[PDB]
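Structure below is target32.tsv: TSV, N, CA, C and O atoms.
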chain	number	residue	atom	x	y	z
Q	1	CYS	N	-11.45	-4.41	1.64
Q	1	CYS	CA	-10.14	-4.56	2.27
Q	1	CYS	C	-9.10	-5.05	1.26
Q	1	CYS	O	-9.31	-6.06	0.58
Q	2	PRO	N	-7.96	-4.34	1.17
Q	2	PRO	CA	-6.87	-4.69	0.25
Q	2	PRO	C	-6.33	-6.09	0.50
Q	2	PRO	O	-6.16	-6.50	1.65
Q	3	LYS	N	-6.06	-6.82	-0.57
Q	3	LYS	CA	-5.54	-8.18	-0.45
Q	3	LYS	C	-4.03	-8.19	-0.61
Q	3	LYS	O	-3.33	-8.93	0.07
Q	4	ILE	N	-3.53	-7.35	-1.51
Q	4	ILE	CA	-2.10	-7.25	-1.75
Q	4	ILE	C	-1.52	-6.07	-0.99
Q	4	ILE	O	-2.03	-4.95	-1.06
Q	5	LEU	N	-0.45	-6.32	-0.25
Q	5	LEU	CA	0.21	-5.28	0.53
Q	5	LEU	C	1.60	-5.74	0.94
Q	5	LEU	O	1.82	-6.93	1.21
Q	6	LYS	N	2.54	-4.81	0.99
Q	6	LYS	CA	3.91	-5.12	1.37
Q	6	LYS	C	4.54	-3.92	2.04
Q	6	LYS	O	4.01	-2.82	1.97
Q	7	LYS	N	5.69	-4.14	2.67
Q	7	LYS	CA	6.41	-3.07	3.35
Q	7	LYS	C	6.80	-1.95	2.40
Q	7	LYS	O	7.30	-2.21	1.29
Q	8	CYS	N	6.58	-0.73	2.83
Q	8	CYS	CA	6.93	0.44	2.04
Q	8	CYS	C	7.29	1.60	2.96
Q	8	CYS	O	6.71	1.74	4.04
Q	9	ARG	N	8.24	2.42	2.55
Q	9	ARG	CA	8.67	3.56	3.35
Q	9	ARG	C	8.45	4.85	2.57
Q	9	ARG	O	8.96	5.91	2.93
Q	10	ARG	N	7.68	4.74	1.49
Q	10	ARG	CA	7.34	5.86	0.62
Q	10	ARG	C	6.50	5.37	-0.55
Q	10	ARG	O	6.24	4.17	-0.69
Q	11	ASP	N	6.10	6.31	-1.39
Q	11	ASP	CA	5.28	6.01	-2.57
Q	11	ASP	C	6.02	5.11	-3.56
Q	11	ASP	O	5.46	4.15	-4.07
Q	12	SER	N	7.27	5.46	-3.84
Q	12	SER	CA	8.12	4.74	-4.79
Q	12	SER	C	8.22	3.25	-4.48
Q	12	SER	O	8.49	2.44	-5.37
Q	13	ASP	N	8.02	2.88	-3.22
Q	13	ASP	CA	8.10	1.49	-2.79
Q	13	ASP	C	6.96	0.65	-3.34
Q	13	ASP	O	6.97	-0.58	-3.20
Q	14	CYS	N	5.96	1.28	-3.93
Q	14	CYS	CA	4.83	0.53	-4.45
Q	14	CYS	C	4.37	1.11	-5.78
Q	14	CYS	O	4.38	2.32	-5.98
Q	15	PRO	N	3.98	0.24	-6.73
Q	15	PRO	CA	3.52	0.65	-8.05
Q	15	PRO	C	2.24	1.49	-7.99
Q	15	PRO	O	1.55	1.49	-6.97
Q	16	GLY	N	1.95	2.20	-9.07
Q	16	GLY	CA	0.77	3.05	-9.14
Q	16	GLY	C	-0.56	2.30	-9.05
Q	16	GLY	O	-1.62	2.90	-9.23
Q	17	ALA	N	-0.50	1.01	-8.75
Q	17	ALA	CA	-1.71	0.21	-8.61
Q	17	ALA	C	-2.33	0.47	-7.24
Q	17	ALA	O	-3.53	0.25	-7.03
Q	18	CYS	N	-1.50	0.95	-6.33
Q	18	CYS	CA	-1.92	1.26	-4.97
Q	18	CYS	C	-1.02	2.36	-4.43
Q	18	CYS	O	-0.15	2.86	-5.14
Q	19	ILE	N	-1.22	2.73	-3.18
Q	19	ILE	CA	-0.40	3.77	-2.56
Q	19	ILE	C	0.06	3.34	-1.18
Q	19	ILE	O	-0.67	2.67	-0.46
Q	20	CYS	N	1.27	3.74	-0.82
Q	20	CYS	CA	1.84	3.40	0.48
Q	20	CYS	C	1.11	4.15	1.58
Q	20	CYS	O	1.14	5.38	1.63
Q	21	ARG	N	0.46	3.41	2.47
Q	21	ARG	CA	-0.27	4.03	3.57
Q	21	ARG	C	0.66	4.36	4.74
Q	21	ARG	O	1.85	4.05	4.70
Q	22	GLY	N	0.10	5.00	5.76
Q	22	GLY	CA	0.87	5.39	6.93
Q	22	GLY	C	1.40	4.22	7.74
Q	22	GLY	O	2.36	4.37	8.49
Q	23	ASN	N	0.77	3.06	7.61
Q	23	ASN	CA	1.18	1.88	8.36
Q	23	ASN	C	2.41	1.22	7.75
Q	23	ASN	O	2.88	0.20	8.24
Q	24	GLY	N	2.95	1.82	6.69
Q	24	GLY	CA	4.14	1.29	6.05
Q	24	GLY	C	3.86	0.10	5.14
Q	24	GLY	O	4.74	-0.75	4.93
Q	25	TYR	N	2.66	0.05	4.59
Q	25	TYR	CA	2.27	-1.02	3.68
Q	25	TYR	C	1.49	-0.45	2.51
Q	25	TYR	O	0.91	0.64	2.60
Q	26	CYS	N	1.45	-1.20	1.42
Q	26	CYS	CA	0.71	-0.79	0.24
Q	26	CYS	C	-0.78	-0.85	0.50
Q	26	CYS	O	-1.29	-1.81	1.07
Q	27	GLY	N	-1.49	0.17	0.07
Q	27	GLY	CA	-2.92	0.22	0.25
Q	27	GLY	C	-3.63	0.49	-1.06
Q	27	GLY	O	-3.31	1.45	-1.76
Q	28	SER	N	-4.58	-0.37	-1.39
Q	28	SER	CA	-5.34	-0.24	-2.62
Q	28	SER	C	-6.20	1.02	-2.61
Q	28	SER	O	-6.66	1.44	-1.55
Q	29	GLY	N	-6.38	1.62	-3.77
Q	29	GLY	CA	-7.17	2.84	-3.87
Q	29	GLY	C	-8.60	2.65	-3.40
Q	29	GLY	O	-9.19	3.55	-2.81
Q	30	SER	N	-9.17	1.48	-3.67
Q	30	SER	CA	-10.54	1.18	-3.27
Q	30	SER	C	-10.59	0.49	-1.90
Q	30	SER	O	-11.43	-0.39	-1.68
Q	31	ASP	N	-9.72	0.89	-0.99
Q	31	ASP	CA	-9.70	0.30	0.35
Q	31	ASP	C	-10.94	0.73	1.12
Q	31	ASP	O	-11.47	-0.02	1.94
Q	32	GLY	N	-11.41	1.94	0.83
Q	32	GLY	CA	-12.61	2.47	1.47
Q	32	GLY	C	-13.87	1.83	0.92
Q	32	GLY	O	-14.82	2.52	0.53
Q	33	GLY	N	-13.87	0.51	0.87
Q	33	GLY	CA	-14.99	-0.25	0.36
Q	33	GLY	C	-14.71	-1.73	0.45
Q	33	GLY	O	-15.54	-2.51	0.91
Q	34	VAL	N	-13.50	-2.11	0.04
Q	34	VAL	CA	-13.07	-3.50	0.09
Q	34	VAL	C	-11.65	-3.57	0.64
Q	34	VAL	O	-10.76	-2.87	0.17
So, in terms of structure tokens, how does the structure I just supplied come out?
Amino acid sequence: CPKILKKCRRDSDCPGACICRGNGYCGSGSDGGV
């Protein structure tokens, strides 16, 4: 489960360290595990 997350309305809203999910928050690439 991702520890760092913030409001986002697109990809640009978050650095390439993660990706903006559908819930409007940053989601870590390895979310499907932690």
field: DSSP strand (DSSP E) selection over chain Q, as an NGL selection string
entry: :Q and (18-20 or 26-28)
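Once residue 20 (chain Q) and its same-chain neighbours fewer than 4 positions away are set aside, residues 8, 9, 10, 11, 13, 14, 24, 25, 26 and 27 of chain Q remain within 8 Å of it when counting only C-alpha atoms.
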field: Separation of CA of residue 21 (chain Q) from CA of residue 2 (chain Q), in Å and rounded to one decimal
entry: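 Going from CA of residue 21 (chain Q) over to CA of residue 2 (chain Q), I get 11.4 Å.
Excluding residue 31 (chain Q) itself and same-chain residues fewer than 2 positions from it, the residues having an atom within 6 Å of it are residues 1, 2, 28, 29, 33 and 34 of chain Q, counting only N, CA, C and O atoms.
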message: Quick check for you: according to DSSP on this backbone, which residues of chain Q are classed as helix (DSSP H, G or I)? Reply as number ranges by chain.
response: Q: 11-13, 29-31
